[PDB]
Amino acid sequence: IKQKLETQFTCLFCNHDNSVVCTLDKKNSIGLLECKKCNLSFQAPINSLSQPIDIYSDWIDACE
Amino acid sequence: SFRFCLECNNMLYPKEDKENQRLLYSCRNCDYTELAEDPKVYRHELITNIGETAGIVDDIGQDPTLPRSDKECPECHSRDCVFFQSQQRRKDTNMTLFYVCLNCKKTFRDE
Amino acid sequence: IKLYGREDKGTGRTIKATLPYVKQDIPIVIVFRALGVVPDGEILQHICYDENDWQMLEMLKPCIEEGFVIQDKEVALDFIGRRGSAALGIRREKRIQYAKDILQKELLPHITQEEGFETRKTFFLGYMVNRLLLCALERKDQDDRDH
Amino acid sequence: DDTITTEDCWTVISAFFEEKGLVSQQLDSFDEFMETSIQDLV
Amino acid sequence: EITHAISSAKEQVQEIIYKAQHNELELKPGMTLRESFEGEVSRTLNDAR
Amino acid sequence: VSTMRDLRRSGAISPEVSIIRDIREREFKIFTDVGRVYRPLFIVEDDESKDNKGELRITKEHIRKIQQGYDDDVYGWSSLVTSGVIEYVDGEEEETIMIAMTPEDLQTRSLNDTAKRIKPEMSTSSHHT
Amino acid sequence: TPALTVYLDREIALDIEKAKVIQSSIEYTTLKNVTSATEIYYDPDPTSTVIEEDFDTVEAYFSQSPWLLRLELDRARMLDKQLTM
Amino acid sequence: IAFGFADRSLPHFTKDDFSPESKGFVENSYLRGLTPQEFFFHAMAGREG
Ligand SMILES: [Zn+2]
Ligand SMILES: [Zn+2]
Ligand SMILES: [Zn+2]
C-alpha cells in the first residue's frame with residue numbers, strides 16, 4: 001500500500017517549511033515529492049529501504 | 001560450497017536455460033554464465049548432525065586441563081590421548097565421548 | 001549487531017547493525033561496502049573461514065540479496081548519511097563526507113582513528129558476524145555475563 | 001632439596017604483607033593518578 | 001558403615017555415567033538424555049545421604 | 001606462548017600482564033588492561049625436560065633468603081616474582097590452568113581414622129598434569 | 001505450564017494396548033516432526049531422474065516444472081509414531 | 001552446581017567431569033570438616049538461600 005507522509009522539509013523553490021509531502025510507491029519503486037504550497041512536483045526512484053529523507057536528498061542534488 | 005564469478009566475482013545464481021534444456025549458474029552484475037555440475041541446488045537438514053566433529057585441532061593435546069585416557073589408537077597404538085564429550089551445544093546432544101590420539105589426531109568413540 | 005528473524009518467523013533472516021548517531025539499523029553488507037570492500041566474494045572471504053559448511057552460508061544468503069542494489073561505495077556512504085537525519089539538506093557532495101567521519105571515528109574507535117587504516121575495521125567486522133552466527137548455529141553457548 | 005611445609009607457606013605469605021600490606025590497591029592506584037594521569041588528561 | 005554406603009553410592013554414579021556414555025541408559029518419559037541422566041544421579045545421592 | 005610466558009616469569013614483561021591461550025577457539029588473547037583482578041599462585045614445573053618435573057619450583061633456598069632479607073652474592077616478595085617461582089593469574093587466565101589444592105596433592109600416596117575427614121578419590125582422569 | 005488431565009473410559013483404562021491407541025490419536029504430529037531432510041533438484045526430464053539413488057525406485061514405479069522438491073522421512077520416527085507412507 | 005568455568009565447576013578439576021565431587025557433593029560431615037572444594041560449593045548453595 002502507498003505511503004502518504006508529511007515531512008518537515010523546506011521546499012527548494014517556494015521556501016515554505018513543513019509543506020513537502022512524500023508519496024512512496026514501493027510496488028513500482030517510484031517516489032513522489034509534492035509541495036502543499038507552490039505544489040511543485042518531483043519524481044525519483046526509491047528502493048525498499050528508502051524514507052522521505054532519501055528522496056528529499058535526491059531532490060537537492062537534482063537542482064544543483 | 002557456493003560459487004561466485006571469476007571476473008565480476010558476484011555471487012552466481014542458478015537459472016535454467018529453457019532453449020537447450022540445461023541448468024546454468026548465472027551472475028547478476030554481468031553476462032558471465034557457466035554450466036552446472038550438480039542438479040542439487042539447496043538442502044535443508046532438519047535432523048542434523050553437523051558441527052559435532054567440526055571442532056578438531058592440532059594443539060588440543062597441549063591443553064593440560066583435558067582428561068587423559070588409556071584407549072588404544074587404531075593408527076599408531078599410542079597409550080596417551082585427550083578426550084572430551086561433544087562440543088555441540090544442543091539440549092538433546094548425547095554425552096558420548098570423543099577421544100583424540102595425540103599422534104594421528106583421529107576421533108573415535110566407545111560404542 | 002542484531003540478528004532478526006524468529007524461529008520460522010521473520011521471513012528473510014538478515015542482519016542489520018546499529019551505529020552511533022544514526023537512526024535506524026543498517027544491513028551489514030552495506031557497511032562492508034561503505035568501508036571500501038564492495039566485492040561480495042571478498043565480503044564472504046572476510047567473515048566465514050570455512051567455505052565447506054553450507055549453514056554458515058545459507059544464513060548469510062538473505063543479507064546479500066537485501067543489500068544487492070547498493071553496488072558501489074558512493075551510494076553506500078550516501079545512505080548512511082541520510083539515516084542520521086541531522087540538518088536536512090546535507091547533500092551528496094558533503095553528506096558522504098559527514099558519514100566518513102561517523103565511520104572513521106566513533107565506530108570501533110579502539111582499533112585506530114588515523115586515516116588509511118580501514119583494513120583493520122573491515123577485518124574486525126567480519127570477526128563479529130562470524131561470532132554472531134556461531135551462537136545462532138548452536139555451536140557455542142551464549143556468553144555468561146557474570147564470568 | 002625438600003618439601004614445602006605448612007609453616008613454610010606462611011613464611012611466603014608473611015613476605016607478601018610485609019611488602020604490600022592490605023590497602024596497596026588503594027594507594028598505588030591513587031599514586032599513579034597524581035604522577036601520570038593528571039598530566040595525560042591535560 | 002557410613003563410609004561404605006557413601007563409597008557404594010559413588011560407584012553407582014560411575015555406572016550411570018558409563019551407561020549414559022555408552023548409550024545403555026533408559027530414557028525417562030518427557031525427558032531428554034541429559035535431563036534423565038541428571039535426574040537419576042540426584043535421586044541416588046539424596047537416598048545415599 | 002612458551003616464550004611469552006618465560007618473559008613474564010623473568011620480569012621483561014610487567015608481571016601483571018595476562019597471557020591467555022584459548023586452544024579450542026584458536027584464539028590467543030593478551031591483556032594489559034587496568035582494573036583486572038588477579039591473585040598469586042605457586043608455579044609447578046610442567047616441562048618434561050628435567051628431573052624437577054611434578055614438583056614446586058620454590059625450594060627452601062628461596063625460603064632461606066626470604067628470612068635473611070638478602071641474597072648470597074632488599075630481597076622480599078617481588079624478588080620471588082621476577083625469579084620465576086610465583087606468578088599472577090587473573091580470572092581469564094585461570095580458565096586455562098590446572099590447580100592442585102595443596103602441595104601434598106602433587107604426589108600420589110601409599111588411614112581409616114573414623115574421626116577425620118575423607119579426601120576425594122579423584123578417579124575420573126587417570127593422570128593429572 | 002498448561003496441562004490437561006485426560007481420564008479414559010473404564011473398559012479402555014484397564015487395557016494398556018487400547019490406551020496406547022488413544023495416545024497416538026491425540027498427539028499432534030506435523031510433517032516437520034517426521035522430516036529429516038528436504039532437497040531441491042533440477043530434474044528436467046519428467047519421466048527420468050539424474051539421481052542414481054532413486055533410479056530403480058522411479059523407473060519401476062511409473063511403469064510440469066523442471067524443479068524437483070525431494071524430501072526424506074526419518075525411518076525411526078515414522079516407525080515409532082506408526083505412520084505409513 | 002553449574003559449569004561456571006568452561007566445562008568445569010572449579011579450576012582444580014579437569015573438564016567434562018560429572019563425578020559426585022565435581023558437581024557439589026559434600027562427602028564430609030560438619031564434625032569432620034569440609035575440604036576447600038566442598039566449602040565453596042556449600043557457600044554457593046547457602047548464598048542462594
Ligand atoms: Zn514548493
Ligand atoms: Zn559479474
Ligand atoms: Zn596416533
# chains A, B, ... in the order shown; residues from 1 in each chain; ligands from 1
$ residues_near_ligand --ligand "ligand 3" --cutoff "6 Å" --atoms "only C-alpha atoms and all ligand atoms" --output "list in words"
residues 73, 75, 76, 101, 102, 103, 104 and 105 of chain B
$ write_last_selection --atoms "N, CA and C atoms" --output "mmCIF file, in the first residue's frame"
data_model
loop_
_atom_site.group_PDB
_atom_site.id
_atom_site.type_symbol
_atom_site.label_atom_id
_atom_site.label_comp_id
_atom_site.auth_asym_id
_atom_site.auth_seq_id
_atom_site.Cartn_x
_atom_site.Cartn_y
_atom_site.Cartn_z
ATOM 1 N N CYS B 73 44.980 -46.238 20.176
ATOM 2 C CA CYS B 73 44.795 -45.622 18.871
ATOM 3 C C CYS B 73 44.739 -46.697 17.791
ATOM 4 N N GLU B 75 45.530 -46.191 14.616
ATOM 5 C CA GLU B 75 46.674 -45.982 13.734
ATOM 6 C C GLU B 75 48.004 -46.381 14.361
ATOM 7 N N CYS B 76 48.473 -45.574 15.321
ATOM 8 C CA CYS B 76 49.797 -45.740 15.896
ATOM 9 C C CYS B 76 49.838 -46.527 17.200
ATOM 10 N N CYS B 101 43.701 -39.142 19.543
ATOM 11 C CA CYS B 101 45.072 -39.625 19.661
ATOM 12 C C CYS B 101 45.978 -38.434 19.419
ATOM 13 N N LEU B 102 46.948 -38.223 20.299
ATOM 14 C CA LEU B 102 47.815 -37.072 20.078
ATOM 15 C C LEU B 102 48.783 -37.229 18.911
ATOM 16 N N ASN B 103 48.853 -38.403 18.284
ATOM 17 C CA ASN B 103 49.790 -38.627 17.179
ATOM 18 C C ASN B 103 49.080 -38.376 15.847
ATOM 19 N N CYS B 104 48.105 -39.231 15.490
ATOM 20 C CA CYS B 104 47.421 -39.052 14.206
ATOM 21 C C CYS B 104 46.186 -38.160 14.258
ATOM 22 N N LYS B 105 45.775 -37.764 15.461
ATOM 23 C CA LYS B 105 44.606 -36.910 15.703
ATOM 24 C C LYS B 105 43.234 -37.476 15.287
#
$ closest_atom_pairs --of "chain B" --to "chain F" --cutoff "9 Å" --atoms "only C-alpha atoms" --output "Markdown table"
| residue | atom | partner | partner_atom | distance |
| --- | --- | --- | --- | --- |
| B:55 | CA | F:24 | CA | 7.5 |
| B:56 | CA | F:24 | CA | 8.2 |
| B:57 | CA | F:24 | CA | 7.4 |
| B:59 | CA | F:23 | CA | 6.7 |
| B:60 | CA | F:23 | CA | 6.5 |
| B:62 | CA | F:23 | CA | 8.3 |
| B:63 | CA | F:23 | CA | 7.1 |
| B:64 | CA | F:129 | CA | 6.0 |
| B:65 | CA | F:98 | CA | 5.8 |
| B:66 | CA | F:125 | CA | 8.8 |
| B:67 | CA | F:125 | CA | 5.2 |
| B:68 | CA | F:125 | CA | 5.9 |
| B:69 | CA | F:126 | CA | 6.5 |
| B:70 | CA | F:126 | CA | 8.1 |
$ residues_near_ligand --ligand "ligand 1" --cutoff "12 Å" --atoms "only C-alpha atoms and all ligand atoms" --output "short mmCIF file (atom, residue, chain, number, x, y, z; two decimals) with C-alpha atoms, in the first residue's frame"
data_model
loop_
_atom_site.label_atom_id
_atom_site.label_comp_id
_atom_site.auth_asym_id
_atom_site.auth_seq_id
_atom_site.Cartn_x
_atom_site.Cartn_y
_atom_site.Cartn_z
CA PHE A 9 11.45 19.71 4.90
CA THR A 10 11.66 23.10 3.18
CA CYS A 11 10.66 23.34 -0.47
CA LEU A 12 13.73 24.24 -2.54
CA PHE A 13 11.71 26.75 -4.62
CA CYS A 14 8.91 28.45 -2.63
CA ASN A 15 10.83 28.16 0.70
CA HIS A 16 7.73 27.27 2.74
CA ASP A 17 8.79 24.89 5.50
CA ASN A 18 6.73 21.91 6.71
CA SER A 19 4.87 21.87 3.37
CA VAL A 20 6.54 19.00 1.44
CA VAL A 21 4.52 15.75 1.18
CA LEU A 33 7.63 14.74 -3.59
CA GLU A 34 4.84 17.34 -3.55
CA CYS A 35 4.56 20.74 -2.17
CA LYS A 36 1.39 21.74 -0.42
CA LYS A 37 2.08 25.40 -1.17
CA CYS A 38 3.52 26.16 -4.62
CA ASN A 39 2.86 22.44 -5.26
CA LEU A 40 5.98 21.74 -7.34
CA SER A 41 6.29 18.01 -8.01
CA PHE A 42 9.45 15.89 -8.21
CA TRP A 59 15.86 16.41 -4.92
#
$ atom_distance --atom1 "CA of residue 21 (chain H)" --atom2 "CA of residue 10 (chain E)"
9.2 Å
$ residues_near_ligand --ligand "ligand 2" --cutoff "6 Å" --atoms "only C-alpha atoms and all ligand atoms" --output "list in words"
residues 5, 8, 9, 10, 27, 29 and 30 of chain B
$ residues_around --residues "residue 5 (chain A)" --least-positions-apart "3" --cutoff "8 Å" --atoms "only C-alpha atoms" --output "JSON, numbers by chain"
{"A": [21, 22, 23, 52]}
$ atom_distance --atom1 "CA of residue 12 (chain F)" --atom2 "CA of residue 103 (chain F)"
28.5 Å
$ residues_around --residues "residue 39 (chain G)" --least-positions-apart "6" --cutoff "9 Å" --atoms "only C-alpha atoms" --output "list in words"
residues 40, 41, 42, 43, 44 and 45 of chain B; 68, 69, 70, 71 and 72 of chain G
$ write_last_selection --atoms "N, CA and C atoms" --output "PDB file, in the first residue's frame"
ATOM      1  N   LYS B  40      21.581 -30.703  -7.707  1.00  0.00           N
ATOM      2  CA  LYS B  40      21.090 -30.265  -6.412  1.00  0.00           C
ATOM      3  C   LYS B  40      21.374 -28.779  -6.240  1.00  0.00           C
ATOM      4  N   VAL B  41      20.390 -28.043  -5.742  1.00  0.00           N
ATOM      5  CA  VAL B  41      20.500 -26.596  -5.655  1.00  0.00           C
ATOM      6  C   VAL B  41      20.459 -26.106  -4.213  1.00  0.00           C
ATOM      7  N   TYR B  42      19.848 -26.859  -3.311  1.00  0.00           N
ATOM      8  CA  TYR B  42      19.562 -26.410  -1.959  1.00  0.00           C
ATOM      9  C   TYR B  42      19.293 -27.653  -1.128  1.00  0.00           C
ATOM     10  N   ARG B  43      19.788 -27.659   0.103  1.00  0.00           N
ATOM     11  CA  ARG B  43      19.482 -28.733   1.033  1.00  0.00           C
ATOM     12  C   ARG B  43      19.211 -28.121   2.395  1.00  0.00           C
ATOM     13  N   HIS B  44      18.231 -28.690   3.089  1.00  0.00           N
ATOM     14  CA  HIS B  44      17.810 -28.265   4.417  1.00  0.00           C
ATOM     15  C   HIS B  44      17.718 -29.492   5.307  1.00  0.00           C
ATOM     16  N   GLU B  45      18.614 -29.574   6.275  1.00  0.00           N
ATOM     17  CA  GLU B  45      18.668 -30.687   7.211  1.00  0.00           C
ATOM     18  C   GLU B  45      17.889 -30.286   8.454  1.00  0.00           C
TER      19      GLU B  45
ATOM     20  N   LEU G  68      12.506 -29.989  -8.906  1.00  0.00           N
ATOM     21  CA  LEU G  68      12.027 -31.104  -8.096  1.00  0.00           C
ATOM     22  C   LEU G  68      12.160 -30.773  -6.621  1.00  0.00           C
ATOM     23  N   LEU G  69      11.110 -31.026  -5.852  1.00  0.00           N
ATOM     24  CA  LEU G  69      11.184 -30.988  -4.394  1.00  0.00           C
ATOM     25  C   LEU G  69      11.243 -32.417  -3.863  1.00  0.00           C
ATOM     26  N   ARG G  70      12.360 -32.774  -3.238  1.00  0.00           N
ATOM     27  CA  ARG G  70      12.612 -34.120  -2.735  1.00  0.00           C
ATOM     28  C   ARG G  70      12.815 -34.046  -1.228  1.00  0.00           C
ATOM     29  N   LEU G  71      11.907 -34.650  -0.461  1.00  0.00           N
ATOM     30  CA  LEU G  71      12.003 -34.650   0.993  1.00  0.00           C
ATOM     31  C   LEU G  71      12.132 -36.073   1.520  1.00  0.00           C
ATOM     32  N   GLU G  72      12.977 -36.239   2.536  1.00  0.00           N
ATOM     33  CA  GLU G  72      13.280 -37.531   3.143  1.00  0.00           C
ATOM     34  C   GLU G  72      12.682 -37.678   4.531  1.00  0.00           C
TER      35      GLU G  72
END
$ residues_around --residues "residue 92 (chain C)" --least-positions-apart "4" --cutoff "12 Å" --atoms "only C-alpha atoms" --output "PyMOL selection string"
(chain A and resi 54-62+64) or (chain C and resi 74-82+88+96-100)
$ select_by_dssp --residues "region 19-63 of chain G" --states "strand (DSSP E or B)" --output "list in words"
residues 35, 36, 37, 38, 39, 40, 41 and 42 of chain G
$ atom_distance --atom1 "CA of residue 58 (chain B)" --atom2 "CA of residue 45 (chain C)"
23.3 Å
$ residues_around --residues "residue 40 (chain F)" --least-positions-apart "2" --cutoff "12 Å" --atoms "only C-alpha atoms" --output "MDAnalysis selection string"
(chainID D and resid 12:13 16) or (chainID F and resid 15:16 37:38 42:43 77:78 80:81 85:91 93:94 99)
$ closest_atom_pairs --of "chain F" --to "chain D" --cutoff "9 Å" --atoms "only C-alpha atoms" --output "Markdown table"
| residue | atom | partner | partner_atom | distance |
| --- | --- | --- | --- | --- |
| F:55 | CA | D:3 | CA | 8.8 |
| F:56 | CA | D:4 | CA | 8.2 |
| F:58 | CA | D:4 | CA | 8.0 |
| F:59 | CA | D:1 | CA | 6.7 |
| F:60 | CA | D:2 | CA | 7.0 |
| F:61 | CA | D:1 | CA | 8.3 |
| F:63 | CA | D:8 | CA | 7.2 |
| F:66 | CA | D:15 | CA | 7.4 |
| F:67 | CA | D:11 | CA | 7.9 |
| F:76 | CA | D:15 | CA | 6.1 |
| F:77 | CA | D:15 | CA | 5.3 |
| F:78 | CA | D:16 | CA | 8.3 |
| F:103 | CA | D:4 | CA | 7.4 |
$ residues_around --residues "residue 119 (chain C)" --least-positions-apart "2" --cutoff "12 Å" --atoms "only C-alpha atoms" --output "ChimeraX atom specification"
/C:32,35-37,46,104,111-112,114-117,121-126
$ write_last_selection --atoms "N, CA and C atoms" --output "PDB file, in the first residue's frame"
ATOM      1  N   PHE C  32      29.923  -2.958   5.020  1.00  0.00           N
ATOM      2  CA  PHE C  32      31.112  -3.539   4.403  1.00  0.00           C
ATOM      3  C   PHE C  32      31.477  -2.802   3.124  1.00  0.00           C
ATOM      4  N   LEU C  35      32.957   0.714   3.538  1.00  0.00           N
ATOM      5  CA  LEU C  35      34.316   0.856   4.027  1.00  0.00           C
ATOM      6  C   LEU C  35      35.361   0.659   2.941  1.00  0.00           C
ATOM      7  N   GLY C  36      34.950   0.237   1.750  1.00  0.00           N
ATOM      8  CA  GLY C  36      35.871   0.106   0.641  1.00  0.00           C
ATOM      9  C   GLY C  36      36.058  -1.293   0.100  1.00  0.00           C
ATOM     10  N   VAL C  37      35.235  -2.221   0.579  1.00  0.00           N
ATOM     11  CA  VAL C  37      35.271  -3.610   0.131  1.00  0.00           C
ATOM     12  C   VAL C  37      33.874  -4.006  -0.340  1.00  0.00           C
ATOM     13  N   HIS C  46      36.006 -12.299   4.132  1.00  0.00           N
ATOM     14  CA  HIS C  46      36.334 -11.659   5.396  1.00  0.00           C
ATOM     15  C   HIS C  46      35.576 -12.220   6.584  1.00  0.00           C
ATOM     16  N   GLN C 104      35.003   6.609  10.322  1.00  0.00           N
ATOM     17  CA  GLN C 104      36.404   6.658  10.735  1.00  0.00           C
ATOM     18  C   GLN C 104      36.529   6.754  12.251  1.00  0.00           C
ATOM     19  N   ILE C 111      40.250   0.479  17.788  1.00  0.00           N
ATOM     20  CA  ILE C 111      41.207  -0.113  16.855  1.00  0.00           C
ATOM     21  C   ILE C 111      42.205   0.922  16.352  1.00  0.00           C
ATOM     22  N   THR C 112      41.712   1.989  15.721  1.00  0.00           N
ATOM     23  CA  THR C 112      42.531   3.125  15.303  1.00  0.00           C
ATOM     24  C   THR C 112      41.603   4.263  14.905  1.00  0.00           C
ATOM     25  N   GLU C 114      43.409   7.011  12.926  1.00  0.00           N
ATOM     26  CA  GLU C 114      44.083   7.664  11.810  1.00  0.00           C
ATOM     27  C   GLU C 114      43.528   7.165  10.478  1.00  0.00           C
ATOM     28  N   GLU C 115      43.762   7.956   9.434  1.00  0.00           N
ATOM     29  CA  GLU C 115      43.232   7.645   8.118  1.00  0.00           C
ATOM     30  C   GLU C 115      44.028   6.529   7.445  1.00  0.00           C
ATOM     31  N   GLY C 116      43.428   5.971   6.396  1.00  0.00           N
ATOM     32  CA  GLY C 116      44.072   4.973   5.557  1.00  0.00           C
ATOM     33  C   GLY C 116      44.359   3.676   6.274  1.00  0.00           C
ATOM     34  N   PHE C 117      43.600   3.364   7.325  1.00  0.00           N
ATOM     35  CA  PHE C 117      43.724   2.100   8.039  1.00  0.00           C
ATOM     36  C   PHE C 117      42.417   1.310   8.102  1.00  0.00           C
ATOM     37  N   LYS C 121      39.322  -2.292  10.390  1.00  0.00           N
ATOM     38  CA  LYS C 121      37.921  -2.311  10.774  1.00  0.00           C
ATOM     39  C   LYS C 121      37.138  -3.316   9.947  1.00  0.00           C
ATOM     40  N   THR C 122      37.454  -3.450   8.659  1.00  0.00           N
ATOM     41  CA  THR C 122      36.735  -4.406   7.828  1.00  0.00           C
ATOM     42  C   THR C 122      36.989  -5.829   8.290  1.00  0.00           C
ATOM     43  N   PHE C 123      38.241  -6.149   8.614  1.00  0.00           N
ATOM     44  CA  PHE C 123      38.563  -7.475   9.126  1.00  0.00           C
ATOM     45  C   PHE C 123      37.908  -7.754  10.466  1.00  0.00           C
ATOM     46  N   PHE C 124      37.865  -6.749  11.339  1.00  0.00           N
ATOM     47  CA  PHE C 124      37.230  -6.923  12.638  1.00  0.00           C
ATOM     48  C   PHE C 124      35.731  -7.134  12.524  1.00  0.00           C
ATOM     49  N   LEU C 125      35.077  -6.351  11.666  1.00  0.00           N
ATOM     50  CA  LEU C 125      33.645  -6.503  11.409  1.00  0.00           C
ATOM     51  C   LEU C 125      33.290  -7.912  10.982  1.00  0.00           C
ATOM     52  N   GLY C 126      34.122  -8.527  10.141  1.00  0.00           N
ATOM     53  CA  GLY C 126      33.877  -9.902   9.743  1.00  0.00           C
ATOM     54  C   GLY C 126      33.952 -10.870  10.903  1.00  0.00           C
TER      55      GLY C 126
END
$ interface_residues --of "chain H" --to "chain C" --cutoff "10 Å" --atoms "only C-alpha atoms" --output "count of residues only"
3
$ interface_residues --of "chain B" --to "chain E" --cutoff "6 Å" --atoms "only C-alpha atoms" --output "list in words"
residues 92, 95, 96 and 111 of chain B
$ closest_residue --among "G:11, G:32, G:23, G:42" --to "chain C" --atoms "only C-alpha atoms"
G:32
$ closest_residue --among "H:25, H:14, H:41, H:49" --to "chain F" --atoms "only C-alpha atoms"
H:14
$ interface_residues --of "chain H" --to "chain F" --cutoff "9 Å" --atoms "only C-alpha atoms" --output "ChimeraX atom specification"
/H:5-6,10-14,17-19,21-22,27-29,31-37
$ decode --residues "region 19-33 of chain D" --atoms "N, CA, C and O atoms" --output "PDB file, in the first residue's frame"
ATOM      1  N   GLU D  19      55.596  -6.470  52.374  1.00  0.00           N
ATOM      2  CA  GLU D  19      55.817  -5.501  51.308  1.00  0.00           C
ATOM      3  C   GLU D  19      54.557  -4.730  50.939  1.00  0.00           C
ATOM      4  O   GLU D  19      54.598  -3.503  50.801  1.00  0.00           O
ATOM      5  N   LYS D  20      53.420  -5.408  50.792  1.00  0.00           N
ATOM      6  CA  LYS D  20      52.268  -4.770  50.174  1.00  0.00           C
ATOM      7  C   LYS D  20      51.202  -4.314  51.152  1.00  0.00           C
ATOM      8  O   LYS D  20      50.455  -3.396  50.821  1.00  0.00           O
ATOM      9  N   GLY D  21      51.131  -4.890  52.338  1.00  0.00           N
ATOM     10  CA  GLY D  21      50.044  -4.544  53.238  1.00  0.00           C
ATOM     11  C   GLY D  21      48.670  -4.934  52.714  1.00  0.00           C
ATOM     12  O   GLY D  21      48.514  -5.778  51.833  1.00  0.00           O
ATOM     13  N   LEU D  22      47.659  -4.253  53.241  1.00  0.00           N
ATOM     14  CA  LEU D  22      46.280  -4.592  52.941  1.00  0.00           C
ATOM     15  C   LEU D  22      45.569  -3.595  52.050  1.00  0.00           C
ATOM     16  O   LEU D  22      44.503  -3.922  51.530  1.00  0.00           O
ATOM     17  N   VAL D  23      46.091  -2.390  51.892  1.00  0.00           N
ATOM     18  CA  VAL D  23      45.390  -1.360  51.142  1.00  0.00           C
ATOM     19  C   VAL D  23      46.224  -0.836  49.978  1.00  0.00           C
ATOM     20  O   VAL D  23      46.002   0.278  49.525  1.00  0.00           O
ATOM     21  N   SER D  24      47.176  -1.627  49.484  1.00  0.00           N
ATOM     22  CA  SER D  24      48.055  -1.157  48.424  1.00  0.00           C
ATOM     23  C   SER D  24      47.326  -0.920  47.117  1.00  0.00           C
ATOM     24  O   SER D  24      47.777  -0.105  46.307  1.00  0.00           O
ATOM     25  N   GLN D  25      46.220  -1.626  46.865  1.00  0.00           N
ATOM     26  CA  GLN D  25      45.456  -1.344  45.657  1.00  0.00           C
ATOM     27  C   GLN D  25      44.780   0.013  45.730  1.00  0.00           C
ATOM     28  O   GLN D  25      44.465   0.599  44.691  1.00  0.00           O
ATOM     29  N   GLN D  26      44.516   0.519  46.930  1.00  0.00           N
ATOM     30  CA  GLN D  26      44.053   1.894  47.017  1.00  0.00           C
ATOM     31  C   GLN D  26      45.191   2.877  46.797  1.00  0.00           C
ATOM     32  O   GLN D  26      45.053   3.836  46.039  1.00  0.00           O
ATOM     33  N   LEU D  27      46.331   2.651  47.456  1.00  0.00           N
ATOM     34  CA  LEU D  27      47.403   3.646  47.443  1.00  0.00           C
ATOM     35  C   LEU D  27      48.116   3.704  46.105  1.00  0.00           C
ATOM     36  O   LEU D  27      48.429   4.792  45.621  1.00  0.00           O
ATOM     37  N   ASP D  28      48.444   2.544  45.523  1.00  0.00           N
ATOM     38  CA  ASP D  28      49.140   2.532  44.236  1.00  0.00           C
ATOM     39  C   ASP D  28      48.286   3.135  43.140  1.00  0.00           C
ATOM     40  O   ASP D  28      48.816   3.784  42.229  1.00  0.00           O
ATOM     41  N   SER D  29      46.984   2.860  43.164  1.00  0.00           N
ATOM     42  CA  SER D  29      46.080   3.435  42.177  1.00  0.00           C
ATOM     43  C   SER D  29      46.071   4.950  42.252  1.00  0.00           C
ATOM     44  O   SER D  29      46.100   5.627  41.220  1.00  0.00           O
ATOM     45  N   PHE D  30      45.977   5.507  43.462  1.00  0.00           N
ATOM     46  CA  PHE D  30      45.957   6.962  43.579  1.00  0.00           C
ATOM     47  C   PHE D  30      47.310   7.561  43.222  1.00  0.00           C
ATOM     48  O   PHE D  30      47.367   8.679  42.709  1.00  0.00           O
ATOM     49  N   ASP D  31      48.400   6.875  43.566  1.00  0.00           N
ATOM     50  CA  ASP D  31      49.739   7.376  43.254  1.00  0.00           C
ATOM     51  C   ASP D  31      49.935   7.501  41.754  1.00  0.00           C
ATOM     52  O   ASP D  31      50.539   8.468  41.276  1.00  0.00           O
ATOM     53  N   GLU D  32      49.445   6.517  40.998  1.00  0.00           N
ATOM     54  CA  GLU D  32      49.542   6.555  39.548  1.00  0.00           C
ATOM     55  C   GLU D  32      48.727   7.705  38.983  1.00  0.00           C
ATOM     56  O   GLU D  32      49.082   8.269  37.944  1.00  0.00           O
ATOM     57  N   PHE D  33      47.656   8.086  39.669  1.00  0.00           N
ATOM     58  CA  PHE D  33      46.829   9.196  39.217  1.00  0.00           C
ATOM     59  C   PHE D  33      47.550  10.527  39.351  1.00  0.00           C
ATOM     60  O   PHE D  33      47.452  11.372  38.456  1.00  0.00           O
TER      61      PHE D  33
END
